[PDB]
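The chain below stands alone, shown as structure tokens; this is the form deposited in one PDB entry.
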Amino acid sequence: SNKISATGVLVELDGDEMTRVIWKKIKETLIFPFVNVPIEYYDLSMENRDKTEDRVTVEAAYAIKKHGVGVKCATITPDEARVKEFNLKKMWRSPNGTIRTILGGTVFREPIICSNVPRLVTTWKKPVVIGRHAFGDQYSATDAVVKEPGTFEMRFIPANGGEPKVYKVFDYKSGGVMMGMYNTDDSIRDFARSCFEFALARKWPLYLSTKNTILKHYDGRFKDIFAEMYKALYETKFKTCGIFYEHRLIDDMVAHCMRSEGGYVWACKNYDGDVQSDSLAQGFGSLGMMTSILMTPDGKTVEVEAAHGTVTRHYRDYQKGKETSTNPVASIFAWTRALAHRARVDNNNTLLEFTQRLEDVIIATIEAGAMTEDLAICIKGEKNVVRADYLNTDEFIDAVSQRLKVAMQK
């Protein structure tokens, strides 16, 4: 019972509403008792984001680049109703957006799985981790209606005074609609770097979906760039790891995902990752059972968080004194994942040990049958759920806490 320490620092980003109440508890019960982390702490509450005029958000991001690891609690992103609620003198940009620009990199969503908790998709046994390429295809396109008959044309004008090449796209007769989109080789090459680095670190294979049958050039450039890089830099390493990479056609990927056991990383384009991430996440079940995690292209800088929001509907009931059974595992797993990275970077196996315990002690505690209300509802259905079927949030943490001590051997 020597409490574990570290050698580098861990950047903590505190947040809002219900997840903050949960954050605080976790640190008191599942982290600070068992381990001493140096923590550079930025408070990203809405209150304190407003007070520093967002400066702490940016400060937090740069710290993550200096130090190399960050955990983030759910933070409210301000909108119109929020500016009236919290009296903000500015509608500040979503802190994730701010953070993500500065760090750069790609977001991987990895769900936590338990035996007894069933999935919507019977086949699924292991994580399917979708990486999403955020730099714009349709998200930075330029769209327009066509009210007159006429002709939609595309010019590529070379900057070295060279001859423009132009493209007949369509001659409309009645009305219509037109669009143009783009992407960079550098944005793609960074998307690729992230993916290869994540899947390698995780010791999973990597898939890539495109529709390159139809868009032989546009979607072709993705397939190629991944290929260029793979057999250059990654193929030997993956092959030592017992993993691989293949490009699949998007039509096969959805079918493969449907039919498959799982246990792989799925890298897909901006639009595809956006559409798929929601069905996929639904299918695995509770949003408390999944974590986000941005990974820069080098693979040394990581920001990690639960893939749910500040779960406000519950933060009301907590204010009103009512019992609440918000699921804390995604939050808890943000800590363990993030601390793991820290350990893997500093080559620190007492800390890397701890993270393995907690991760699996959580799965044990639910696998045995102690679970928050949402998981009960997967097993037992939404009618049928009685109070003895779920622990509330606080008594679940106290339940993983004892079970952790049990497995503090070594």
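All residue numbers are counted from 1 along the displayed sequence. Heads up, when I say rigid core I mean the largest set of C-alphas that superpose within 1.5 Å between the two forms.
What comes next is about the form deposited in another entry, which is not displayed.
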Query raised in the report: Among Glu228, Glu246, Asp171, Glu261, which is the residue that shifts its C-alpha 2 Å or more between the shown form and the other one, core superposed?
Result: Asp171
Query raised in the report: Hey, does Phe152 budge by 2 Å or more at the Cα between the shown form and the other one once the core is superposed?
Result: yes
Query - Cα displacement of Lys322 between the shown form and the other one reaching 2 Å, rigid core superposed - result: no
Query raised in the report: Core-aligned, is the CA shift for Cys114 between the shown form and the other one 2 angstroms or more?
Result: no
